[PDB]
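Observations on chain architecture
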Amino acid sequence: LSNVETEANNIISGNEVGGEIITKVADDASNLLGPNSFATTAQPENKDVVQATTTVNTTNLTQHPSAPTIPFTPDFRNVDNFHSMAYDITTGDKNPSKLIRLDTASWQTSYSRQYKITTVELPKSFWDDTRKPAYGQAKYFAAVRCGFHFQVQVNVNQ
Amino acid sequence: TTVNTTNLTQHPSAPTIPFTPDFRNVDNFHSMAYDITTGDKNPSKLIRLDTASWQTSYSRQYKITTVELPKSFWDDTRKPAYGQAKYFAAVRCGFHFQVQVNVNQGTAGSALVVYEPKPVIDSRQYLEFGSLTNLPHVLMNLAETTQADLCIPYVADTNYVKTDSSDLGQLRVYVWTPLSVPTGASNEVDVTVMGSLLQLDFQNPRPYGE
Amino acid sequence: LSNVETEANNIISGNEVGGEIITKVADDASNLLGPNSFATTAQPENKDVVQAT
Amino acid sequence: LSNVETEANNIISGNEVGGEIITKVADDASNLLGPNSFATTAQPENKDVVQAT
Amino acid sequence: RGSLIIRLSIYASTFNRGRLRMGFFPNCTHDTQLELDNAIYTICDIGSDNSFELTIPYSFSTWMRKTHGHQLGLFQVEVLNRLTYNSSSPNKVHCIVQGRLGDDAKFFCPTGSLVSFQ
Amino acid sequence: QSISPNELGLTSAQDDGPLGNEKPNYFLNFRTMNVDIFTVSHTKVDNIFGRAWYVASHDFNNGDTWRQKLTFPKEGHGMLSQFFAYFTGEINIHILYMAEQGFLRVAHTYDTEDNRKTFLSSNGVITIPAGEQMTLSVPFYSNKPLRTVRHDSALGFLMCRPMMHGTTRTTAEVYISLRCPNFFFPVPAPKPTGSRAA
Amino acid sequence: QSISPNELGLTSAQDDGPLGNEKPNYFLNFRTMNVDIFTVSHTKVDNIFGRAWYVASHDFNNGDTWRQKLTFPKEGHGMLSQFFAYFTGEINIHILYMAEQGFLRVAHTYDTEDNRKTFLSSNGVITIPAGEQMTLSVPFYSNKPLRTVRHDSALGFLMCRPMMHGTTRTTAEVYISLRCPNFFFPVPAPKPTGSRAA
């Protein structure tokens, strides 16, 4: 195949010795070589590509791709800004972790010194909390490993 | 100080740490090698979004399967488009799409996938189809290519968009060449789109439900 | 095909400028290039080999 | 007091080894040191100034 | 400690084609629907030619795990689009699935067990 | 070398190959020869929007005054309108006034926003005398940036007060041209607007 | 890059690819971390066969003496037996004797082959006194080399003579461990022995 096309050419140059005209050897045969050339090229090049995309925790193995097909010069971002509510970004990364309220009210004199007061729950207590992450993301995933930071506030009247 | 919340307190006592804490940051040892992820990185991944329908009842210009605006990760019952975005109100993110249509060999018909970017979907007006063909599209020839790739950087008028309400891009798969039916073979090749989300930003908090 | 995959990548690096995290551009897209790559490779490579013992 | 605040910090840097993100150690704790700092400062600094025009 | 690399292998002739996914949760629970869309994934195209693969990373607390009936995950295959057929075709296509452990793995300590004996 | 839809790589196109052969027309060797002077922008942007014409509108009943504020759609537009998809730009307004033989004046400005009471002269003024020429250029600003919807349309308002009164009728004209359009234009050229569904 | 059964190249396997991505678990970055001291042979050969236990067997009726020569199957084995396919090795025998309060002796050795008359003490001896510990190591030889069938089994014999008699009962124990197994092992790991058909 490959050499045969160039044989059609070399025939063309066979009759090209005739400036007429010019020639390139009727009719424009000057290319019967083809575009590198009747082979293969892309379409059923298959494997002709096989793809094997990946995303977090999920692979997509697909056997017959077409093409990326992007619209114009996308250069996509990443604010912006301009600005769009200066808050950045946050969490989760950084919203899931912040101070949060966890407590209540009770007291007076009914309590002897060794009498318990207010027990605050295990790491479940961010989950069952109806606000921050301890609800959204941990209501997806099952496993948690994290440090802990506490401010306890008790204000009395002088 | 903590994220979005300052605590100003007037009468401190003392840090009061237990012994030599040196706390981490797995570990490892290992604790289920998966790291870490998201949100940062769980909120963004491919996800299913589609369904089944077909045959010959559809003329070429007859619509097919419209896939919803950025609300469609929120109301999705799985990934972030539920947990974190059911907290925050503001979303700015790119978009990455793989569309999958697999037929059984021996048949040919075209599928068209376009990403209208909120052009007042107006009435599209009736002759405007090409038209509809100037956009960041993708034309699947089902004879061969069994999947198709697409990447949309989002563009919208505003610099941010409300989570579920103000939207932006709406996928539409339109049929092209109603499908050919050799006698005989299955009547339904259905459709699927699986998405993924780029580096993603929520901002501007707001109470839970709203 | 070949350059298109690396176009999916170059998009990834499009949003990678965001260390978050890290990224590599959800979800591990950092490879949408595929394994050199949806083509061909071996199976119906045919001739995909022809033998002639 | 004084060293304790910087102990809250040094804990923060305890978990900062986690670029995530970035961090500074939820939530912006990066300052639990306070502004030099819960002490004193001016108000009842008294004598907190005494004047004598 | 180590993973259970899994293989699905689909057999059909060259004509017909189709895609299907594979869910696996590393905990795991009681069946437990489309959360299989939540968890791990791995798309499947058939094809020229098989077979396939999806791995799992080692996921658990502690470091060692017990090797008896204590715990492992959950596995479905999910048809998303059909596996079509032509008028001259097999019309019925199928699977086999075989796992193996490695290459990070290793075992700790002996024990008498056994299964009597066998 | 003969392309393949749903194949690589992008929305670009090509050189479309230097075929035939030659031959002598016949396929190629097409070299551009600029005929005009060359401004050449006739194919280019900027210039064309640089020209003007548009809406010939806004007749006027004398009684009384005030406004009404009119919504400039920007299109319209409707004469050269065959051209578009996109969103934005920083106008150039042309105003004309046909009225009492040199009797009266016309005050005008814009805009922004929703409503007011009010003294209009605050947000601006441009006293144009009877039978004179149609001249302004506005720059932009809040004008919330973010560009502009694109088919609002067209995000705006003009405010026209014909001051005193000369007891006869009154008429005005408004032409538009937007210069140095940043436009880009952006997201081209989606809104195919192939309506033709005229 | 996703393998293909009935395709190249060999029985090897691979790195199984460094996917996902990352992500952070999620597919890879699995690096081995040796937890133990590390002897690490718990996964390795040698050591494991180095341990022992096996057959707890060979009760003894007193009358009279002689033998009977017993066939050590080598498996069995039957406790740690879950492990194997292959053929060979150069044993290590453990012998134990529960009998008359320090009254009597036990002579033992092996073996080879078929039969004899005979004086056993020729082919060897190991006088083990009453209530003592279970100690021998044999080396090999004819023992026709060629390794050993693998499931004979297990090619052999032990010879046990309890000498004199103390008029009460007598009992013995035999444990095995084979050390430094050359084994290789060879032709692994054919004999899949997936019996489980227990």
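Judging from the entry metadata, cryo-EM is the method by which this structure was determined, and 4.30 Å is the reported resolution.

1. Section: the overall build of chain C
Helices and strands together make up the secondary structure of chain C, namely one helix and zero strands. By its C-alpha atoms, chain C is 55 × 15 × 10 Å across when sized along the principal axes. Taken across its 53 residues, chain C has 51% of its residues classed as buried. For chain C, the exposed surface amounts to about 2600 Å²; the carbon and sulfur share of it is 53%.

2. Observations regarding the interface of chain G and chain A
Counting from both sides, the interface comprises six residues of chain G and, opposite them, seven residues of chain A. Of the roughly 550 Å² buried at the junction of chain G and chain A (both faces included), carbon and sulfur atoms supply 62%. The three residues of chain G that bury the most area against chain A are G:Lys23, G:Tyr26 and G:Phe27, which together make up 72% of that side's buried surface. Summed over the shared surface of chain G and chain A, the number is zero salt bridges. Inspection of the chain G/chain A interface yields five residue pairs in polar contact. Among the residues making up the side of chain G that touches chain A, the classes are represented as two nonpolar, three polar and one charged.

3. Focus: the arrangement of the chains
Take the 16 pairs of chains in contact: the one carrying the most contacts is chains A and B. Left apart from each other, chain D and chain F have a closest C-alpha approach of 30 Å. Nothing in chain D touches chain G, and the closest approach of their C-alpha atoms is 13 Å.

4. Description of the interface of chain B and chain A
Across the boundary between the two partners, chain B contributes 57 residues, which contact 54 residues of chain A. The contact between chain B and chain A buries some 4600 Å² in all, and 50% of this surface belongs to carbon and sulfur atoms. Its salt-bridge partner being B:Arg92, residue A:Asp80 comes within 1.7 Å of it at the nearest N-O pair. Inspection of the chain B/chain A interface yields 30 residue pairs in polar contact. For the side of chain B that touches chain A, the element with the highest residue contribution is strand 6 (residues 147–152) of chain B, accounting for six residues.

5. Observations concerning the sheet that holds strand 6 (residues 170–176) of chain G
Residues and elements named next belong to chain G. The strand order across the open sheet built from three strands is 1-6-2, with neighbouring strands paired in antiparallel fashion. In the strand order of this sheet, the two ends are held by strand 1 (59–60) and strand 2 (93–98), each with one partner. By the bridge criterion, two bridges tie strand 1 to strand 6 in an arrangement that is antiparallel. Note on strand 6: the bridge partner recorded for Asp 59 is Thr 171.

6. A look at the pairing of strand 2 (residues 18–25) of chain E
Sheet faces and side chains relate simply in a regular strand, where the side chains alternate between the two faces. All names here are of chain E. Extensive coverage of strand 2 is indicated by the burial of eight of its eight residues. In this sheet, strand 3 (residues 45–46) lies alongside strand 2 in antiparallel orientation, the contact comprising two bridges. Of the residues in strand 3, the one forming a bridge with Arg 19 is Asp 45. Pairing geometry for strand 2 and strand 4 (residues 74–79), over six bridges, is antiparallel. Note that in strand 4 the partner of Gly 23 across the bridge is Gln 76.

7. Remarks on helix 1 (residues 2–16) of chain C
For helix 1 of chain C, built from 15 residues, the straight-helix expectation of 21 Å at 1.5 Å per residue is met to within 8% by its first-to-last C-alpha distance of 21 Å. The inward-facing, buried residues of helix 1 of chain C contact strand 6 of chain B.

8. Remarks on the environment of B:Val101
Topologically, B:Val101 is positioned in the loop between strand 3 (95–100) and strand 4 (110–117). Assessed through its relative accessible area of 5%, B:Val101 is described here as buried. The spatial distance from the C-alpha of B:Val101 to the C-alpha of B:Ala148 is 8.3 Å, given a sequence separation of 47 residues. Beyond its immediate stretch of four places on either side in the chain, B:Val101 contacts B:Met140, B:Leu142, B:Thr146, B:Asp190, B:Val191 and E:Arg19.

9. Regarding the environment of E:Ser9
Along the chain, the position of E:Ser9 falls in strand 1 (residues 4–11). Residue class for E:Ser9 comes out buried when judged on its relative accessible area of 3%. With 86 residues separating them in the primary sequence, E:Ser9 and E:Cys95 have C-alpha atoms 5.4 Å apart. The contacts of E:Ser9, once residues within four sequence positions are left out, are E:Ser51, E:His94, E:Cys95, E:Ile96, E:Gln98 and G:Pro5.

10. As for the sheet that holds strand 1 (residues 59–60) of chain F
The strand order 1-6-2 (chain F) describes an open sheet built from three strands, whose pairing is antiparallel. Here the strands that pair on one side only, and so sit at the sheet edges, are strand 1 and strand 2 (93–98) of chain F.

11. A word on the pairing of strand 3 (residues 105–109) of chain F
All names here are of chain F. Judged by how many residues are buried, strand 3 sits mostly within the fold: four of five residues are covered. Taken together, the two bridges between strand 3 and strand 4 (residues 128–129) define a ladder with antiparallel strand orientation. In the sheet register, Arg 105 faces strand 4, and the bridge partner there is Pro 129.

12. What about the packing of aromatic side chains?
Scanning the entire structure with this criterion turns up 27 aromatic pairs over all chains. Ring geometry for A:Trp127 and A:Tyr135: centres 6.5 Å apart, planes at 50 degrees, overall tilted. Here the aromatic cluster, defined as three or more aromatic residues joined through ring pairs, consists of F:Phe49, F:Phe83, F:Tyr86, F:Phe183 and F:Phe185. Looking at G:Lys23, its charged tip hangs above the ring of G:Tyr26, at a distance of 4.5 Å from the centre.

13. Regarding the pattern of salt bridges
Counted according to the given criterion, the structure contains 19 salt bridges over all chains. Here B:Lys41 makes a salt bridge to B:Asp40, at a shortest N to O gap of 3.6 Å. Comparing B:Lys41 with B:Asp40, the two get one shared label, buried. Of the charged contacts in the structure, one is a salt bridge between F:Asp59 and F:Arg169, with a shortest N-O distance of 4.0 Å. In this pair, F:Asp59 is assigned in strand 1 and F:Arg169 in the loop between strand 5 (159–161) and strand 6 (170–176), connecting sequence segments 110 residues apart. Among the residues examined, F:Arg169 registers a relative accessible area of 60% and is labelled exposed. Several salt bridges share partner residues, and in doing so they unite B:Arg78, E:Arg21, E:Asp37 and E:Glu78 into one network.

14. Looking at the nonpolar core
Counting residues in each nonpolar core, the largest one holds 40 residues, and the members touching the most others are B:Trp54, B:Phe95, B:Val113 and B:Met140. Looking at this core, the elements that each hand over two or more residues are strand 1 (63–67), helix 2 (83–87), strand 3, strand 4, strand 5 (138–141), strand 6 and strand 8 (169–176) of chain B. Membership of the second largest hydrophobic core comes to 15 residues, among which are A:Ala52, C:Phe38, E:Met22 and E:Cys44.

15. Looking at the side chain of B:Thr38
When you line up the elements, B:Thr38 lands in the segment before strand 1. Ignoring anything within four residues of it in the chain, the contact list for B:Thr38 reads A:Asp93, B:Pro43, B:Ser44 and C:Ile21.

16. Things to note about unusual backbone geometry
Across the junction of F:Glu22 and F:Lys23, the peptide omega takes the value -10 degrees, indicating a cis bond. Tracing the backbone through its elements, the reader meets F:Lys23 in the segment before helix 1 (47–50). In this chain, G:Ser142 is followed by G:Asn143 through a cis amide linkage whose omega measures 0 degrees. Structurally, G:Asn143 is set in the loop between strand 4 (128–129) and strand 5 (159–161). Positioned with a positive phi, G:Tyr54 is a non-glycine residue whose angle comes to about 55 degrees. As for its placement among the helices and strands, G:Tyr54 is situated in the loop between helix 1 (47–50) and strand 1. Owing to a relative accessible area of 12%, G:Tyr54 belongs among the buried residues under this scheme.

Cut-off values and rules
- Residues numbered from 1 in each chain as written, not as in the entry; some residues may be left out.
- Chains lettered and ligands numbered in written order.
- Part of a larger assembly, values for the part shown.
- Heavy atoms only, no water.
- Helix = DSSP H or I, 4+ residues; strand = E, 2+ residues; numbered from the N terminus.
- Buried < 20%, exposed > 50% of the residue type's maximum accessible area, 1.4 Å probe, protein only.
- Areas by Shrake-Rupley, 256 points an atom, 1.4 Å probe, with all protein chains shown as cover.
- Contact = heavy atoms within 4.5 Å.
- Buried area = accessible area lost by both parts, 1.4 Å probe.
- Salt bridge = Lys/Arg side-chain N within 4 Å of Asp/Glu carboxyl O.
- Polar contact = N/O pair within 3.5 Å; in protein donor to acceptor, adjacent residues only side chain to side chain.
- Nonpolar A, V, L, I, M, F, W, Y, C, P; charged D, E, K, R; others polar.
- Pairing = 2+ DSSP bridges.
- Expected span 1.5 Å × (residues − 1).
- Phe/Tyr/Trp six-rings, centres within 6.5 Å; stacked < 30°, edge-to-face > 60°.
- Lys NZ or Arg CZ within 6 Å of the ring centre and 35° of its normal.
- Core = buried A, V, L, I, M, F, W, Y, C linked by side-chain atoms within 4.5 Å.

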